[PDB]
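Visitor: 3D model of this:
(chains A, B, C, D and E, ligands or ions: 4)
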Amino acid sequence: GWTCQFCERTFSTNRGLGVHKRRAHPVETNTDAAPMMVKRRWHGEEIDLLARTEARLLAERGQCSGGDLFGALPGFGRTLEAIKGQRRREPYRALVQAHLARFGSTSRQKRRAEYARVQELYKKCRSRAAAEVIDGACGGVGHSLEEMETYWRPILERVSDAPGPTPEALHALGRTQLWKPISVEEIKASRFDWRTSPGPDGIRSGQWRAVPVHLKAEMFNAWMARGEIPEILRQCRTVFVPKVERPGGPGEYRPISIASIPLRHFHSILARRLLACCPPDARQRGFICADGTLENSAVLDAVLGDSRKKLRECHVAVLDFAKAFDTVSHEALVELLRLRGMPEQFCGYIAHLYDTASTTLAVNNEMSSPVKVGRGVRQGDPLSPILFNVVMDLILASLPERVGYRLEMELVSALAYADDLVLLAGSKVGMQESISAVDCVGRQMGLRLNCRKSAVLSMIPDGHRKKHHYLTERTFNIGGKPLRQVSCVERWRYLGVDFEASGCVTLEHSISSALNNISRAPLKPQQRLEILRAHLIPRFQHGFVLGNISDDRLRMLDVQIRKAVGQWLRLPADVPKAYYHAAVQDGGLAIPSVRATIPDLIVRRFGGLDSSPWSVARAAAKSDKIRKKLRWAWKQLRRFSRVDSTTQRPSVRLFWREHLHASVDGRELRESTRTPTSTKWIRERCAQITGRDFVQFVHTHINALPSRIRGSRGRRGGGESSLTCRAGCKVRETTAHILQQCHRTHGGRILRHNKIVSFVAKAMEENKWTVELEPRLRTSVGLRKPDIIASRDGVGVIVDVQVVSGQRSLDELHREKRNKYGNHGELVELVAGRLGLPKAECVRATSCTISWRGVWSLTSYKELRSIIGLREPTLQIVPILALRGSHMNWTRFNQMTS
DNA sequence: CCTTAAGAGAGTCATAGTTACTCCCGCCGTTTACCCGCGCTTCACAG
DNA sequence: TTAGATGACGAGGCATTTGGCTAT
RNA sequence: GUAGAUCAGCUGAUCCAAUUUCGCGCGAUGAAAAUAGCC
DNA sequence: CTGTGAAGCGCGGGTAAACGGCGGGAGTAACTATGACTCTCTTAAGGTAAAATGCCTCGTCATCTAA
Ligand SMILES: Cc1cn([C@H]2C[C@H](O)[C@@H](COP(=O)(O)OP(=O)(O)OP(=O)(O)O)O2)c(=O)[nH]c1=O
Ligand SMILES: [Mg+2]
Ligand SMILES: [Zn+2]
Ligand SMILES: [Zn+2]
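Guide: Numbers count the residues shown, from 1 in each chain, chains lettered A, B, ... in the order given. Ligands and ions are numbered 1, 2, ... in the order given. Sharing the structure here:
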């Protein structure tokens, strides 16, 4: 009977019809959920403004009544009868005297050229090449010097005519070590980014880095004595960098200005001193030593959660400043720093630095005539964020005192992160005076609010029906210009986190398009693995941790990533799941599993939120959403981790190590953990290996060669022809039989042995040993034949080479090969007599034991690194030789089928 | 020279868990549209 | 007062690494 | 016909292959700074 | 023409008769969480090796004890 007015579905009850109308038809139900406004309760934010206006009029005029207060409050939204009936109350008549007391004081050649570009760029700058592969292109400057200059030159040349701070905002803001000389240990402690381009002056980073520290100290102290630097070091070049991934004009670029490396080093030391000297307002979570993005997103999510759950009025604006650094006036900044109580030498230094600012614009290696700069704060100077924080402190100070949203008895008034601002309010009135305060003190400094991006979210609930409701009509102004309303279904991005009206939602991501782009770039197969490992997956980590995501979507994302890796390395689908995700030291390929990694990072970031210095974040930690999220994160972390033996923390690495070493194909890789030199071929030395050979090593490493036993997984209902050896050995045809046991593969085993013997012998000859290869020694047990014997300084060593299977202990195999020579006794005397030395104690047995998958025996590695002086870059090549010998064995076994 | 190794993950479908609301009924507290005047203003009225 | 033994600190030589990502 | 190989119908497409182009073995392919945070 | 008295108007104390915030109470649409199942399933050769920072090792110097 009950039928929906918007989709005509039929329901059993009015209850289910209402629950349907809430979820399936949001805007229509938000229209029906609108409260009436006949007898609205007086929020205290309205009460404070009415009381303070009445108090200032009792000071200013002496005597007044409600008929004047209706005139003094135009946009207040109360009738004169309401004003009278509020005015007759006793807490208001207390607050009026309380305020009065204070106030009365071709196609083919193009791809060959693209290969030539990509392979050079991958070696010059790997991160740039990876960003080029993922996005599609780079080098985003798409305008001429004229089109850049005719827009940007009247902006830079104009002096900002802002009148500077007013004494009201200075009084609101008001609620010695600096310019001492710089020491040597201060220069040593203050780390610097030496991977940097030089300025127009042309002194490179290594040229300044070679200068000794005490001479740099006396040049810095000399420049502090003058109050200026040499003028050739003070000049700047500007390169325009795009703000949007497809810029539509010169206004969508930013003027990043680069000066000399000594200026940036000196200003970085002064920047760390200035950051230690004057901390900003506690609501400014930007350019300080705290994880402010976590804090701002957590507080905003908690406020938006409690707003819906407890049915309270909640008015939220998101604000931005247009061209924030590029518009600050020299006058307002320098006199604010003077009235902040900074030393006069520092203020004179900043005034003389920005007085003499001249810049050359450079667009695609075409340079402009020099530009005189009238608006301050260079994008690219170390002192510039710390100076912009001083500007933001005035704006944060000028907010009204008790306007905000009270979450867990903390009155959250504002959240700041550089120029980004979120304002919170209880009523329309409190937000409107907050916007007027922010706008006014912004215009005092030369800043203008970004009207393209400023927007307001506004919730007014219904009592007596218990309905949440969001406004749709535009109700707030900057200077008369109406602000935009965020609708109930609108989705917006805050600090790289996706938000809606109910809080955090799932981050919008482009995994499949990026995996398509990597799959088509002209790359070697290991380069695709490195771009996936180091560059693609850490992009979406931030929004997955700070946002909200389910286990299902993470699980499908891991399925997509594993399918991409299985396409690139030509792996079958029954490769163990832990091999993609276990570490390189453990024998895995170290592609991060998003399902396992993201709860671990949510625990490790959000668990520290209780220990924050900021009280608002500690209030947010008590909120219901973050508590529920942290319980889910702890449950999923306990599902996909093992407790580490030493530090007792949960770890994802031991979970993947246990699952890899427990699996059938990964079982032989269990000793790779003890010897990190065995797997340097996977990631460190992969560029020294051809792309065919790398994929053949990957197939050799986790047994993925199509032998008749692994090929017949699930299909072993057939006869012995589906299981036994192709060469007729009448045994079960494993891959290890083909590589290690088959009569067809005997000469390849001999060649692999002789190659490893020759390489070890050449390395021992470089390490000054007197190597004799293959002694035919006739001891009384029979003809015995060690691989190599050698002498150095009277000490003798016998070395023998093994390439073995991993279903036994490798160290046991080393000892079993060792004791054949070391416990022979008489043969040691034959070795000593051949080397010309009498003492049998000075002759030591040693073995060179490595698996056919390229895993070193640990004790044999210690013998070859300690008894013999072989360096470990020699020892990193023996796994490559064993792996390539194994795949040559596999290739010859498949060729000889005839 | 070498001394057999040996299923596993993605997709389907049914049921359970839970989240985010619904509508119904009663009660006190709050709000303000009016009732009821007192002090000043304006035309009748005294001089 | 001088000589020998022990402990601490500094210098020299050799070997290993030389990141990535997000916000503004 | 392709740097080389291969599949199609002299051209396209795909590779485990793939340093083009400009210049005299060898140089250049010309990006990009700052402050925090996280791994 | 000029200042005061009856009627008019604004400016304030008071009431009451609705709103509206909320407790208690019974419900459910429509999303993810678990589990038991089912489905699906590999091959192109050949003989192979510059610079900066941090850690490790060795030497030199200083202090304490004994003669
Ligand atoms: C993104 C970014 C910002 N900044 C600084 C410069 C900006 O003035 C300040 C705030 O950044 P933005 O607000 O992102 O940049 P903007 O204000 O100049 O651009 P818009 O007008 O579109 O808002 O942070 C950098 O120095 N480097 C950067 O990469
Ligand atoms: Mg901005
Ligand atoms: Zn409907
Ligand atoms: Zn065989």
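
Visitor: which SS state does the closest residue to ligand 3 within the stretch 251-400 of chain A fall under?
Guide: Relative to ligand 3, the nearest point of the stretch 251-400 of chain A is residue A:308 (21.9 Å; CB to the ion). C-betas here are computed from N, CA, C, even on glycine. Secondary structure state of residue A:308, per DSSP: H, G, I helix; E, B strand; the rest coil, is helix.

Visitor: quick one: it and residue A:502 touch, right?
Guide: Yes - with contact defined as CB atoms under 8 Å, residue A:308 reaches residue A:502; the gap is 5.9 Å.

Visitor: My guess is residue A:196 contacts residue A:205. True?
Guide: Yes - applying CB under 8 Å, one finds residue A:196 in contact with residue A:205, separated by 5.6 Å.

Visitor: Residues that sit against both of those two, list them.
Guide: The contact sets of residue A:196 and residue A:205 overlap at residue A:261 (CB atoms under 8 Å, 6 or more residues apart in numbering).

Visitor: between the two, which one's more packed in?
Guide: More crowded of residue A:196 and residue A:205, by other CB atoms under 10 Å: residue A:205, with 16 against 13.

Visitor: so what's that one up against?
Guide: A:194-196, A:198, A:261.

Visitor: swap the cut-off to 7 Å and go again
Guide: Contact analysis of residue A:205 by CB atoms under 7 Å, 6 or more residues apart in numbering lists A:194, A:196, A:261.

Visitor: Tell me which residues touch the closest residue to DNA strand C within the stretch 751-898 of chain A, please.
Guide: Among all residues of the stretch 751-898 of chain A, residue A:872 sits closest to DNA strand C, at 5.2 Å; criterion: CB to the nearest atom of the strand. By CB under 7 Å, 6+ apart, residue A:872 lies in contact with A:677, A:865.

Visitor: do you know how far it is from residue A:73?
Guide: With the distance defined as CB to CB, to the nearest Å, residue A:872 ends up 80 Å from residue A:73.

Visitor: Same check on residue A:842?
Guide: Distance, residue A:842 to residue A:73, by CB to CB: 103 Å.

Visitor: And residue A:563, by the same measure?
Guide: Distance, residue A:563 to residue A:73, by CB to CB: 64 Å.

Visitor: Ok, residue A:552 next?
Guide: Distance from residue A:552 to residue A:73, by CB to CB: 53 Å.

Visitor: what's the answer for residue A:607, then?
Guide: 48 Å.

Visitor: so what are the domain limits for chain A?
Guide: A:2-29, A:44-103, A:184-504, A:514-701, A:714-740, A:743-895 (automatic domain parsing).

Visitor: Reformat those as CSV; add distance to ligand 1.
Guide: Output for those, formatted as CSV (distance: least, CB to the nearest ligand atom, whole Å):
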stretch, distance to ligand 1
domain A:2-29, 30
domain A:44-103, 29
domain A:184-504, 3
domain A:514-701, 15
domain A:714-740, 52
domain A:743-895, 40
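
Visitor: Select, out of those domains, the one closest to residue A:35.
Guide: Residue A:35 lies closest to domain A:184-504 among those, at 3.8 Å (CB to CB).

Visitor: Tell me which residues touch the most far-flung residue of chain A relative to its centre, please.
Guide: For chain A, the largest distance from the centre (CA atoms, centre = their mean) belongs to residue A:780, which lies 68.1 Å off. With contacts defined as CB under 7 Å, 6+ apart, residue A:780 is in contact with residue A:826.

Visitor: Over to it: give its phi and psi.
Guide: Per-residue torsions, residue A:780: phi -70, psi -20 (degrees, to the nearest 10).

Visitor: go on, residue A:183?
Guide: phi -90, psi 170.

Visitor: For beta bridges, what are the partners of the closest residue to residue A:826 other than its chain neighbours?
Guide: Leaving aside its sequence neighbours, residue A:826 sits nearest to residue A:779 (CB to CB, 6 or more residues apart in numbering; 5.3 Å). Bridge pairing for residue A:779 (DSSP bridges) gives the partners residue A:782.

Visitor: was I right about residue A:779 contacting residue A:829?
Guide: No - applying CB atoms under 7 Å as the test, residue A:779 and residue A:829 come out as separate, 8.8 Å apart.

Visitor: wait, is residue A:798 part of a strand?
Guide: Yes - Residue A:798: assigned to a strand according to three-state DSSP.

Visitor: Now do the contacts for it.
Guide: Going by CB under 7 Å, 6+ apart, residue A:798 touches A:786, A:789, A:821, A:831, A:843, A:845-846.

Visitor: Can you flag which of those belong to strands?
Guide: A:789, A:843, A:845-846 (DSSP state E).

Visitor: filter those by proximity to ligand 3?
Guide: For ligand 3, no contacts are drawn from the ones in strands among the contacts of residue A:798 by CB under 5 Å from the ion.

Visitor: Out of these, who's the most crowded?
Guide: residue A:789 (25 neighbours).

Visitor: Let me have the contacts of residue A:205 in JSON lines, extended by secondary structure and distance to ligand 3.
Guide: Below are those laid out as JSON lines (DSSP: H, G, I helix; E, B strand; the rest coil; distance: CB to the ion, whole Å):
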{"residue": "A:194", "secondary structure": "coil", "distance to ligand 3": "63"}
{"residue": "A:196", "secondary structure": "coil", "distance to ligand 3": "60"}
{"residue": "A:261", "secondary structure": "helix", "distance to ligand 3": "66"}
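
Visitor: so where do the helices sit in the stretch 501-650 of chain A?
Guide: Using DSSP state H, counting those that start in this stretch, the helices found in the stretch 501-650 of chain A span residues A:511-520, A:525-531, A:537-546, A:551-568, A:577-581, A:594-606, A:615-621, A:624-639.

Visitor: mind checking which of those helices is nearest residue A:94?
Guide: helix A:615-621 (28.2 Å).

Visitor: Tell me which helix or strand the closest residue to DNA strand E within the stretch 201-350 of chain A sits in.
Guide: Using CB to the nearest atom of the strand, residue A:206 is the residue of the stretch 201-350 of chain A that sits closest to DNA strand E, at 4.1 Å. Using DSSP states H and E, residue A:206 falls within helix A:205-209.

Visitor: what about that helix, near RNA strand D?
Guide: No - with CB under 7 Å from any atom of the strand as the criterion, RNA strand D is not reached by helix A:205-209; the gap is at least 9.1 Å.
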